[PDB]
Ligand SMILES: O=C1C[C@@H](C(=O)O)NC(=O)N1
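Before any questions on how it binds or moves, here is one chain, the form deposited without the named molecule, in structure tokens.
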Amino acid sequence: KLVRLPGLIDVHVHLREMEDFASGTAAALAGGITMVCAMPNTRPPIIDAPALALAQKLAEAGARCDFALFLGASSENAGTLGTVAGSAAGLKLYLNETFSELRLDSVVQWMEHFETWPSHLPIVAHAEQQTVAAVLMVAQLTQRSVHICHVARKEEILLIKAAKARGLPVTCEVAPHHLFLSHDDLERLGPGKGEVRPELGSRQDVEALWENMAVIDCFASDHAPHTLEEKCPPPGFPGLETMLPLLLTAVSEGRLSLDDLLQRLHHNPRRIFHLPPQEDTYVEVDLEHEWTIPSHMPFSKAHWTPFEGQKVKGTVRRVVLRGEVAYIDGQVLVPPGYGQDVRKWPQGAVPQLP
């Protein structure tokens, strides 16, 4: 009783740490993900054309699944990315506390990026709490859309819902650690091994996200492969391998339908980021075996998981990527470099007016 799924997409992964493109894309395939969008907050950061060119070739050499690379907004590169913009997955704005190179000091710098970045290309924003309203204002002033990363709070999701009710062009994603973990789990985690940005919400925050599922456009892991030597405080959790099992469990419990899952892990990611189809690509999952999330998942070099102990009822059994078996019951069979940059495909270009 296996279910055939399409090639799933994770539009928010941090791959360059111990973790690398090869180790990260392996976790992706083990999670049923055939396409990933890597964030620009690496060392060095992807905030210029030379850095993007290098990262794109390192990924094409190490990635086991297909990918696109985000460009990062900085205090100095507004108006300079116009030539390479189309080659990136989009532009990422880090609006809360972050690294010096990706730190935007004023909302004026936000507006300058919204005005300079090509209007047809995606813009993504890490915006927590009131920052969600502020960035929506900037998007309105510039008359363009914006995608809100990892919505984690009732405050945020209800704000987006009000924006959508008024016809504003806003989309948003939600991560599994904000749908299946809460503050009560900070007692079984602590300040270390628990520090995430946005922080884990209250039970009311988790409940609000589930109640407003219709407002959620995409699911995305926000896979941040930090080791526990680091966490125990860099923010982020690993989640590429736990995402689909957790969500399939929710589908088996009647919390959401299979279509809801597929809309949010396939169709909506494609239409928001204009990511191309993957020919002869599919995932096969088994929903008849219940297991408990171990202390660490097999592939992610993070060597730990915040979902340890949770009972799940779904397993990725097989992943075929562009005609080749890429994953089978605990073994990745495509080598580092099988993955391709989807923005270099002819169908991976974002259509624009002349």
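In case it trips you up, residue 1 is the first one in the sequence shown, and so on.
FYI, the form deposited with the named molecule bound isn't displayed, but the following is about it.
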In terms of non-hydrogen atoms within 4.5 angstroms, which of the given stretches 163-171, 249-257, 209-217, 193-201 touches the named molecule in the deposited complex?
193-201
Sole residue of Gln310, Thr305, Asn41, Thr315 within 4.5 Å of the named molecule in the deposited complex, by heavy atom
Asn41
Exactly one of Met243, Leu179, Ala224, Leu71 has a non-hydrogen atom within 4.5 Å of the named molecule in the deposited complex; which residue is it?
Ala224
Quick check on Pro276: any heavy atom within 4.5 Å of the named molecule in the deposited complex?
no
Against the named molecule in the deposited complex, would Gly236 count as a contact residue? Criterion: heavy atoms within 4.5 Å.
yes
4.5 Å heavy atom contact, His113 to the named molecule in the deposited complex:
no
Taking any heavy atom pair closer than or equal to 4.5 Å as contact, tell me whether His126 reaches the named molecule in the deposited complex.
yes
